[PDB]
Q: 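Below are the structure tokens for one structure; questions will follow.
Chain letters run A, B, ... following the sequence lines, proteins first, then strands; residues in each count from 1.
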Amino acid sequence: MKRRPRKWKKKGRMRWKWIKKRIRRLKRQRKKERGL
Amino acid sequence: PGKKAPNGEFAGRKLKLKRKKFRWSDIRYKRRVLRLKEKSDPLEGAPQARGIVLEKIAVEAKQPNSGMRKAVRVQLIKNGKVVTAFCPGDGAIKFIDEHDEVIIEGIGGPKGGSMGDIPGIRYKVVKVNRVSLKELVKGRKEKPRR
Amino acid sequence: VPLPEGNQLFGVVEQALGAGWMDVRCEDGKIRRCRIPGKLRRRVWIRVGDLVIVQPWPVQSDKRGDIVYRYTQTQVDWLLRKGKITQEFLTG
Amino acid sequence: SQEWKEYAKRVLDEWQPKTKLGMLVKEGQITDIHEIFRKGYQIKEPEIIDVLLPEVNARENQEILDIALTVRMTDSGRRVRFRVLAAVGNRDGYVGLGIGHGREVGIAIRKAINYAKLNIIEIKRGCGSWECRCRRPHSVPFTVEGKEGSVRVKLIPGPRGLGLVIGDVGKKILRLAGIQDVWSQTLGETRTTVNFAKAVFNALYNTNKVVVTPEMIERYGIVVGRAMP
RNA sequence: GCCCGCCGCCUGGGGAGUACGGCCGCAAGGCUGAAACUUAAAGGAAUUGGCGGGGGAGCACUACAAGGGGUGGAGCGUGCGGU
RNA sequence: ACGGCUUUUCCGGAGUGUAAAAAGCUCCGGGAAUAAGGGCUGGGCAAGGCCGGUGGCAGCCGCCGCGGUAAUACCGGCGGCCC
Ligand SMILES: [Mg+2]
Ligand SMILES: [Mg+2]
Ligand SMILES: [Mg+2]
Ligand SMILES: [Mg+2]
Ligand SMILES: [Mg+2]
Ligand SMILES: [Mg+2]
Ligand SMILES: [Mg+2]
Ligand SMILES: [Mg+2]
Ligand SMILES: [Mg+2]
Ligand SMILES: [Zn+2]
């Protein structure tokens, strides 16, 4: 992914690391359904 | 960062290319050249439109204001799409009846969009059955065909 | 003291869905997802299991409505003495 | 002018100087306004300007540039303070700018007027526009620049009768110094009035830092201080 | 900092480093990258206070430590909530 | 309010005009007679700290913001400002 160091600031949002993990989990499911 | 480049006497092509390349980062230029507004405009570039009323509704103002704003759902004659139009004036909603025809135009907010404490409404009613709504609100005239 | 008129009827609050939305069982057998008008939303607190006046919406008068008036315990007893509300309706 | 002569005479007799320059003015060893500049003196008594430039007390020679109120936070609430930015001049060759603070508006205005007199400077005027070569002191003699905070100001000579093509703060400051026509360019945040005024003031002061030859004085009609017809 | 060169990048905050297409990789993943719609601020440096399960100095029997006597359990006097 | 004046414009005629007409232009008779609206009025931004309604309702609001029974900001009256 591309870097947005502004997203790492914690004021008014959750941690960027776990958002990235959640997005990567979401993208796996779409890829699996595409192969079917 | 060093001096701005290119500055050479015979470097016109690169300079023109650079200026053209970074002009696409301007959002106003991009929307005009690619004609993005015309692709999604329900009014199809017109300043006014004519439609038929389907029902009456009311919308709550945003915080920290309080109140109900009277609006109508309008189906456009030219393409059949359905939009929402605000009815300006004190008690103006009483002059609107279902299945009437109305003329609508932009409401006049920033960037050609909504205004005030009612986002989501982009239009306002101007005429009802070919009679000015402002007159009806003030008086001076009666709504035709009862 | 006020009484339902036209489409208005008696209802019992069943559940609070939040965001100024309530669930109300009417006196005919229809559960309606009702909205609390702002005029009376800023003055009277309402809890689960109270008698209110339900006015159906002019469009889709089968699942949506509004709450226009709430009665008090003394008014509930007065209506019970008059004979307009019954124990079965209160208990559902 | 007749009022101000007797006003200066009245001020002179009842004034007890406290500094060396005040003593020089009191004893009559200094008789002109131009003699207190360019020699490193310190100016600490407002009566010096009153005696030597009495017309800066005229109501038309004073300008209240801005008024603001600022807040200090305490456990017993908000403490309010007034800041006033003001300027004075003789509409011929001298101008001063000042800031005053106070608990109420009148005190701040008085102090701001008082400090403007102590910061007084003299400038140079002339005509250096390409399309007006008249040798009369109605504009700046050449392009000058000044800055303060984020504000940059550039002043460009203009033709006679053009007017002051600049924001209102610059209009007032330039008018108090005796300039009628100018062009200008700016960068930064002009809505910060204090920095805008200070930048214009510095640009006016920087007319003394440009090296010139005797031919240029004749060519542009450069005048230092009073026009002296 | 003042000047002489060349290449790379940015154009309010979100949607979004997402959708679609392409190349690379055994896989995990990498590089490239929009729109509808939404919003009046988001962001930076510094100031005065208030706060900290941060540090230091001082003080109080409506704080403690060392003590003397009690209230909270019963009946009654009187005041308050509720009915 | 009294007394006086003029006729661009208006009403009725003669000439000229025009392919023919109509406008236009020169004369004659009557007469102040025939002729002012639209927006705004809290700040930006010129203009009211006046009166009567409404009471987080109705409504206004390009933006900032008004309205919770003592509204210079909504509706109306009387004033005022710009063209
Ligand atoms: Mg950054
Ligand atoms: Mg304190
Ligand atoms: Mg500096
Ligand atoms: Mg792909
Ligand atoms: Mg204690
Ligand atoms: Mg103890
Ligand atoms: Mg006891
Ligand atoms: Mg008014
Ligand atoms: Mg004004
Ligand atoms: Zn000149």
Side-chain angles (χ1 to χ4, degrees), chain A residues 1-13 16 19-35, chain B residues 1-11 14-15 17-19 21-31 34-42 58-71 81 86-94 106-122 124 132 134-135 137-139, chain C residues 37-43 73, chain D residues 70-81 149-150 168 189 191:
Chain A
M1 300 187 182
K2 299 188 177 183
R3 313 301 282 155
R4 276 206 187 111
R6 183 186 181 99
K7 283 266 196 298
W8 311 340
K9 295 179 177 178
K10 206 68 190 321
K11 175 181 175 182
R13 61 171 69 87
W16 158 250
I19 297 182
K20 192 180 193 177
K21 202 181 189 70
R22 214 150 74 167
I23 289 180
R24 277 174 176 168
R25 278 173 186 161
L26 190 57
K27 281 164 65 181
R28 276 199 193 93
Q29 184 183 350
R30 293 170 184 157
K31 182 176 178 299
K32 179 184 304 181
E33 300 173 357
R34 193 200 324 276
Chain B
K3 193 183 175 182
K4 195 217 308 185
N7 199 38
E9 181 176 3
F10 300 100
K14 183 68 168 59
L15 191 50
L17 246 294
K18 159 189 180 182
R19 183 51 54 203
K21 173 193 196 304
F22 283 121
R23 200 182 179 188
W24 284 104
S25 300
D26 187 4
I27 189 60
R28 292 191 307 271
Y29 171 82
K30 182 179 185 177
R31 290 180 61 86
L34 293 186
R35 307 179 60 195
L36 289 179
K37 175 174 183 179
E38 296 81 343
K39 194 180 179 182
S40 301
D41 190 15
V59 186
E60 301 185 9
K62 288 198 67 176
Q63 292 301 321
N65 287 346
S66 301
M68 310 296 298
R69 281 73 176 88
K70 277 72 182 181
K81 301 178 182 301
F86 171 70
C87 299
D90 195 326
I93 195 63
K94 299 164 58 178
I107 201 175
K111 295 194 290 182
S114 57
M115 58 82 60
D117 57 0
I118 34 173
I121 301 179
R122 302 176 178 181
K124 64 182 180 181
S132 172
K134 198 169 184 178
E135 300 302 309
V137 172
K138 291 305 179 60
Chain C
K39 292 189 182 182
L40 52 84
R41 193 167 64 93
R42 209 73 279 179
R43 294 196 174 192
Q73 176 57 38
Chain D
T70 55
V71 173
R72 188 170 46 91
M73 201 78 167
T74 62
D75 58 62
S76 295
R78 295 173 167 84
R79 303 299 197 180
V80 182
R81 196 189 183 201
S150 68
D168 284 357
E189 183 62 76
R191 287 178 295 190

Q: Specify the closest pair of heavy atoms between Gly113(B) and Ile107(B), including all atoms of both residues, with the distance to one decimal.
A: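 For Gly113(B) and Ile107(B), the tightest heavy-atom pair comes out as O-CG2, 3.4 Å.
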Q: So, do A36(F) and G37(F) stack if we ask for centres under 5.5 Å and planes under 30°?
A: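 By the ring-centre and plane-angle rule, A36(F) does not stack on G37(F).
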Q: Roughly how far, to the nearest 0.5 Å, is the CD atom of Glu38(B) from the CG atom of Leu34(B)?
A: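 The CG atom of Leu34(B) sits 10.5 Å away from the CD atom of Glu38(B).
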Q: I want to know if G53(E) and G54(E) are stacked - that is, whether their six-membered base rings have centres under 5.5 Å apart and planes under 30 degrees.
A: no
Q: Can you tell me the distance, in whole Å, between the NZ atom of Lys39(C) and the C1' atom of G68(F)?
A: 14 Å
Q: If you compare all heavy atoms of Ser114(B) against all heavy atoms of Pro119(B), which two are closest, and at what distance to 0.1 Å?
A: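 Closest approach of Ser114(B) to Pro119(B): OG-CA, 3.6 Å.
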Q: Does a sphere of radius 6.0 Å around NZ in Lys81(B) hold more than 12 heavy atoms from other residues, nucleotides or ligands, not counting ones at 6.0 Å or beyond?
A: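 At most 12 heavy atoms, drawn from other residues, nucleotides or ligands, come within 6.0 Å of this atom.
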Q: Classify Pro64(B) by what it touches in the nucleic acid, base, sugar-phosphate, or nothing, heavy-atom distance under 4.0 Å.
A: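 Since a base atom lies under 4.0 Å of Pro64(B), the category is base.
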Q: NZ/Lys14(B) to NZ/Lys21(B) distance, rounded to the nearest 0.5 angstrom?
A: 9.0 Å
Q: Is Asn65(B) side chain donor-acceptor paired with the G65(F) base, going by distance under 3.5 Å alone?
A: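 When only heavy-atom distances are counted, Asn65(B) does reach the base of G65(F) through a donor-acceptor pair under 3.5 Å.
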Q: Is there stacking between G49(F) and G48(F) - six-membered ring centres closer than 5.5 Å and planes within an angle under 30°?
A: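 Stacking test on this dinucleotide step: no.
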Q: Just the endpoints, please: which first and last nucleotides of RNA chain E, 5' to 3', lie under 4.0 Å from a heavy atom of chain B?
A: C4(E) to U39(E)
Q: Identify whether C25(F) and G15(F) are a Watson-Crick or G-U wobble pair (both distances under 3.5 Å).
A: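 The answer is yes: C25(F) partners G15(F).
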Q: What are the two closest heavy atoms between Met1(A) and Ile23(A), and how far apart are they?
A: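 Between these two residues, the closest heavy atoms are CE-CG2, 4.1 Å.
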Q: Is it the case that more than 12 heavy atoms not belonging to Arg35(B) sit under 6.0 Å from its CZ atom?
A: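 Count not over threshold, so no.
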Q: Hey, does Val59(B) have a side-chain heavy atom less than 4.5 Å from the side chain of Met68(B)?
A: no
Q: Can you tell me how far P in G13(F) sits from the matching atom in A35(F), rounded to whole Å?
A: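 Result for the P pair: 23 Å, nearest Å.
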Q: Just checking, are the bases of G67(F) and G68(F) stacked by our 5.5 Å, 30° definition for the six-membered rings?
A: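 Ring centres or planes out of range, so no.
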Q: Between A58(F) atom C1' and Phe86(B) atom CZ, what is the distance in whole Å?
A: 12 Å
Q: Does RNA chain E take part in any stems of at least 3 consecutive Watson-Crick or G-U pairs (both distances under 3.5 Å), and if so, which ones?
A: E:12-14 with E:37-39, E:21-24 with E:29-32
Q: Sequence neighbours left out, what passes side chain to side chain contact (heavy atoms under 4.5 Å, CB included) with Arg41(C)? Give chain and number order.
A: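 Only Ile36(C) meet the side chain to side chain contact (heavy atoms under 4.5 Å, CB included) criterion with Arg41(C).
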Q: Is it true that, when you exclude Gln29(A) itself, more than 12 heavy atoms of the residues, nucleotides or ligands shown sit nearer than 6.0 Å to its CD?
A: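 Not buried by this count: 12 neighbours or fewer within 6.0 Å.
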Q: Within this structure, what is the CD-to-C1' distance between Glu60(B) and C57(F), rounded to whole angstrom?
A: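 Taking CD of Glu60(B) and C1' of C57(F), I get 14 Å after rounding.
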Q: Check the distance between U54(F)'s P and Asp90(B)'s CG and give it to me in whole angstrom.
A: 13 Å
Q: Is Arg122(B) touching bases, backbone alone, or none of the nucleic acid, heavy atoms closer than 4.0 Å?
A: sugar-phosphate
Q: Check for me whether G59(F) stacks on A58(F) (ring centroids under 5.5 Å, interplanar angle under 30°).
A: yes
Q: Starting from P on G65(F), measure out to CD on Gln63(B) and report it in whole angstrom.
A: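 In whole Å, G65(F) P lies 15 Å from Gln63(B) CD.
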Q: With both atom distances required to be under 3.5 Å, do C66(F) and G59(F) make a Watson-Crick or G-U wobble pair?
A: yes
Q: State the pairing partner of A22(F); accept Watson-Crick or G-U wobble contacts with both distances under 3.5 Å, and report none otherwise.
A: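 Because no pair has both required distances under 3.5 Å, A22(F) counts as unpaired.
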Q: Rounded off to whole Å, could you give me the CD1-to-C1' distance for the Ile118(B) and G59(F) pair?
A: 11 Å
